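As a starting point, one isolated chain is supplied in C-alpha cells, in the form deposited in one PDB entry.
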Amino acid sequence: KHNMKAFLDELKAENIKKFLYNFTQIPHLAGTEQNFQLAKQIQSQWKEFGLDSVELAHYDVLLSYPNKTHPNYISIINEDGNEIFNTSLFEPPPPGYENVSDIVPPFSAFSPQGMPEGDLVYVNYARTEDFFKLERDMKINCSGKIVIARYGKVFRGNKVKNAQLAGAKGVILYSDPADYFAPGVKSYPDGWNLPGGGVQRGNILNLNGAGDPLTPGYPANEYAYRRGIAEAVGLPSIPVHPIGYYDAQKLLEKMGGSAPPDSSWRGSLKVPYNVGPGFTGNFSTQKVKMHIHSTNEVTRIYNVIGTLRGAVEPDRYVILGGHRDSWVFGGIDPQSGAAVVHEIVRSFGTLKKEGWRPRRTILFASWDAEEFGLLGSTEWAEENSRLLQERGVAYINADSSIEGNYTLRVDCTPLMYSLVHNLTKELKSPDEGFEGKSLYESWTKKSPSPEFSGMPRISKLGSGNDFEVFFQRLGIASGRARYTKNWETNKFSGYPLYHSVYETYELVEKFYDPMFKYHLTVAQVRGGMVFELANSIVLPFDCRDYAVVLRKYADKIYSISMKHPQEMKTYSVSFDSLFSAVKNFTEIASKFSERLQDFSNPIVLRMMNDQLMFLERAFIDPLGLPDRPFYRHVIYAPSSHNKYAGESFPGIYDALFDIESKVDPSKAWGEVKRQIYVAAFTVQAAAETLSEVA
C-alpha cells in the first residue's frame, strides 16, 4: 500500500549520512559560486528523484563580506598609537582542512566600516535588562564607549540594537566558556566543545521581517526599485566584530572601573568581569581600537523550488522548506536539515514513481541567504504572496536536524499540537533506555509540559528562521521539530561550535549522531507532518487547541497588567473584551469541531477545510504591529528583545513593557487599552470564521 507507513519506511539513516557528507566538503556561503553549484546539484537530484518540476528562483539582494585584502581585527592600542595586541585574523582550521580555500574569516555581517578607538564597557549579554542594570542601577554611561558583550540568551542583532541605543560607538561580541564550553567535554577535534580560537559568525541586522534590506514589501527581481543604502532596512550604525575567548581574555583581563553587580554577570574566564569603563590604573591610557572594512554588496542568490502536484487539491500547498547557505561547512546548520529534506524528497519521489500522488500539492524549498536575514525565503514569499495567502495550508521548516542528542524540540502553531502528539505516538523512540517505546513517551518524559501532566513541551514561534515570513507575515500554519540538548538556559545560545569553522561533517558523525538515528527520527517527524497535511481528507488541525492557549495567554497578559492596579483603576483598563472574545472563540470552536465530526459531501468538506486553512490567516492584522508592518500576527510575534523567542499578545505585551518608566502614563495606558481592543477584536473575528458560513 501507499500510506504513511510506506513513506516512513522508505527513509534511511544511511542515505541521510551520505547526503550530509556530500553537502559539507566545501563552504557554501550565500552569493558564492560554490553555493550556486550546490543549488544546481540539488535541482538536478530533485528532478531525478521524481518531482514534477524543479526550478531555481533567483533574486539580487544586499549581502555583506569581509575585504579579502584588508582584514578585520581589534587591537589594544597604547598611549603612542602602537597596537600592542591584535585579535586573530582567522580560526585555526581543523585537521585535514588546513588547506581548504574560501573559508570566510569570522566577521559580523552588515557591520558598517570604521576604526573607532575608545574605552571598554562590559555589558554581560547586552540584553534589555543588562542595559537597564548598567544605566539605571549602576549609573554607567555607554555613550561613546566600545561595548563588549558575551554571546548567548538572545539574538545578536538585539544586542547590537541595544548597544546602539545606549550610545555605544562599537560592539565586540565574544563566546564565553560559561555559555560555550560544557564541563567535562573536550575542545574540537577531540570533543564537541568550542576551542579558545573558535569564533561565531552571524548577521547583526534588525530587519523585523522585511527581507532584503533594499526592497521591503516586493521581490528583489531584475526590475526592482532599490532603496539607497541610507534608507535600507535594519542596518547597524556602529562597527561590530566577533572574537573567541583566548582573544576576549586579553581584552577583559585589564578591565577596571566598577565590579560586576552580581554573579549572573560573571562568565568562566579567569578575569574579574569588571564593567569599566576602561582599564585598571596601570593601563588606564591604553584604548581598544576596532578595524572593520567589510562591504555590503548586492549579490545574486538562488532558491530551489520543487513541486509535487496534488491528485485531488493541486491548488492547496503544503510546503517543506529549509536553507542551503552556511557560514562555512554547515555540518549542523543547515546541512543536517538539508540532508533530511533531500531524503524526504527521495522517499516521496519513490512513491510517486509507483503511481502515487499526494491529495494536495507539496512544495519543497532549498532557501538561499538564510544566514543573511531569511532573505531567500522572504523574497520568494514576497513574489508569491497572493498564491500563498489563498492556497497555503501549512509550512514545515527544516533547518538543523540536531543541536543535541537528548530529546525532541518542537515549536508550532496550536493548530498542529494534535497532529504532533498523534504522529509522535506512532514513531519509535531513538533514545537509549526507551527501546520499544514511542517517541511521544521519551519526549514527554524528558521535556514535560509546564501546564499539563503526561503532555510534552511545545514552544511558541518567533523568528530567526525561514518559517517567519509564512507565519508572522502571511499567517500560514507553521511548525518545526529537531533534536536538542538538555541545557535549558542555553536554549537561545547555540550549541558550542555554532557558526564556527569546526562545525563539520566529522563533528556530527563522531560526536552527535554516529548512527544517524536522531536524523532519521527527525526525518520521520518532519516527513510524517508533511505527509498528514498533504494527504488527510480533513486537514489535521484542531481549532480547540487554539482556544485553550488563547485563554492561557489572556491570563498571562492580564497578570502582567495587574502588577499596576492603581493605573488600571485610574485609566479604566479592562481586559473584559479580551476574555469575552476568548470565551466566544472556545464556544464557536467547540461547535465547529462537532460539525467537522458530524458532517460524502466534498463542498462541505472543502468549505470546512477552507475554514481550517484560513483560521491561522484570521489572526493577521493588515495594518501590522506598531512600527513593525511585516509582523502582522496578533497572537504571536518575535520578541522585541530577542528575535529568537516568540511572544504572545505581542501588541499588548510591548504596550505594557517597562510602562512604569513612561513619561506620560495617560498616553501609555491609552495605548495598552488600544492594544486590548485590537486583540479582542481579532480573536472574535477569527472565532467568527468558524461560525456557520450562512
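Think of the rigid core as the biggest set of C-alphas that the two forms share within 1.5 Å after superposition. Residue positions are given as counts along the sequence shown, with the first one as 1. Residues that one form lacks are left out of the comparison.
Absent from the display: the form deposited in another entry. The rest refers to it.
487 is the only residue from 511, 487, 614, 571 whose Cα shifts by 2 Å or more between the shown form and the other one, the rigid core being superposed. Note on residue 456 and residue 487: their C-alpha atoms are nearer in that other deposited form, a change of at least 3 Å from this conformation. Cα of residue 489 to Cα of residue 548: at least 3 Å longer in that other deposited form than in the shown structure. Legend: core-fitted overlay between the shown form and the other one; highlighted is 487-494, the single run of at least 3 consecutive residues with CA shifts of 2 angstroms or more.
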